[PDB]
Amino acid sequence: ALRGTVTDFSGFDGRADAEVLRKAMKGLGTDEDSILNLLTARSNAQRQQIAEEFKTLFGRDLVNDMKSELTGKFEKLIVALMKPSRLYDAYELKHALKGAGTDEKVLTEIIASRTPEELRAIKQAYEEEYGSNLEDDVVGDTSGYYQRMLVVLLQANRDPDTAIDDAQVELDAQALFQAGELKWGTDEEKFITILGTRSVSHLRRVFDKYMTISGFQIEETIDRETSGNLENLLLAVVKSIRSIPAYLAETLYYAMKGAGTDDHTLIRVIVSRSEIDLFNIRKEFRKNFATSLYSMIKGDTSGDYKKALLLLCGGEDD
């Protein structure tokens, strides 16, 4: 079911593309339109080959040249598009990690929404790129049950999806009820073990049974029982278990709701998911907010940045 919005261009000629891009920047000024039309129409792997052909022909670094010619949010988007897909989540995490100035929204968004297979790949790329252990750095800049839940998720050890055992569903739903609503205070450890390690298909059934038993959705309990960064993370984990595309659609919605735009979040989501499930994200977005992702981006963004974003997204008639 999972589909992105960007695929390999048929009849790709990396050398031709590199020439077009050189022409766009060569000499006075910059043809931003030529740049954005080309790069939004090539897959990430294809952008890498363009970069290598550009360096072969001209002995210039393509990204460095674009960083020189381009400006503002447009530049930020183009540089994000050029990052190899295998490194992008790691790069975003690395840039989130910076002392008490750490960007917890980013840690939560990525770590909650990436699959165990994705996280294994992220941990490897991060260590190779930056010479540090991701878990160590996360532990360094976080504290409390928030850190613990992140470490649990970073183990990428979630139970595999297997046949559902109804008695285990009952036991876990009851455990959660006893650990939160029936407890003075909260047994956070219990929530973390169950939400962090049980399989996705098992937890979906647990969530339904928990509603049946308690009269609350698990998200309602979480808001009633916790707060702060732990609350945001537990909500992101639950929402991701229910539907990753739905959680990411919501993330996009809130980046553009209110005054201005959370541009960093907008760029990160669109670029990171453009070859995975951005199509599914569009669908969830239109189902849940009765408005196209396209029309919300169109209304929230300006100039070449807007143009490039809309080309990546598609879905005018969503």
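Note that residue numbering follows the sequence shown and begins at 1.
Asker: Looking only at CA atoms, which has the higher mean B factor in the entry: 256-264 or 274-282?
Answerer: According to the entry, 256-264 carries the higher average C-alpha B-factor.
Asker: Of 117-125 and 96-104, which one has the bigger average CA B-factor?
Answerer: Higher of the two, by average CA B-factor, is 96-104.
Asker: Go through 196, 185, 245, 131 one by one and give the residue whose Cα B-factor in the PDB entry is largest.
Answerer: Within the set 196, 185, 245, 131, 131 shows the top C-alpha B-factor.
Asker: Just grab whichever of 162, 232, 178, 147 has the top CA B-factor as deposited.
Answerer: Highest C-alpha B-factor among the listed options: 162.
Asker: For residue 191, return the chain-relative third of its C-alpha B-factor as stated in the PDB record: lowest, middle or highest.
Answerer: CA B-factor rank for residue 191: lowest third.
Asker: Splitting the chain's C-alpha B-factors into thirds, which one does residue 91 fall into?
Answerer: Its C-alpha B-factor, which the entry lists for residue 91, ranks in the middle third among residues of this chain.
Asker: Pull the Cα B-factor of residue 71 out of the PDB entry and bin it into the chain's lowest, middle or highest third.
Answerer: Ranked within chain, residue 71 CA B lands in the highest tercile.
Asker: Among the chain's modelled residues, which third holds the C-alpha B-factor of residue 170?
Answerer: Within its chain, residue 170 is a lowest-third residue by C-alpha B-factor, going by the deposited values.
Asker: Could you tell me which third, lowest, middle or highest, the C-alpha B-factor of residue 227 occupies within its chain?
Answerer: Middle third of the chain for residue 227's C-alpha B-factor.
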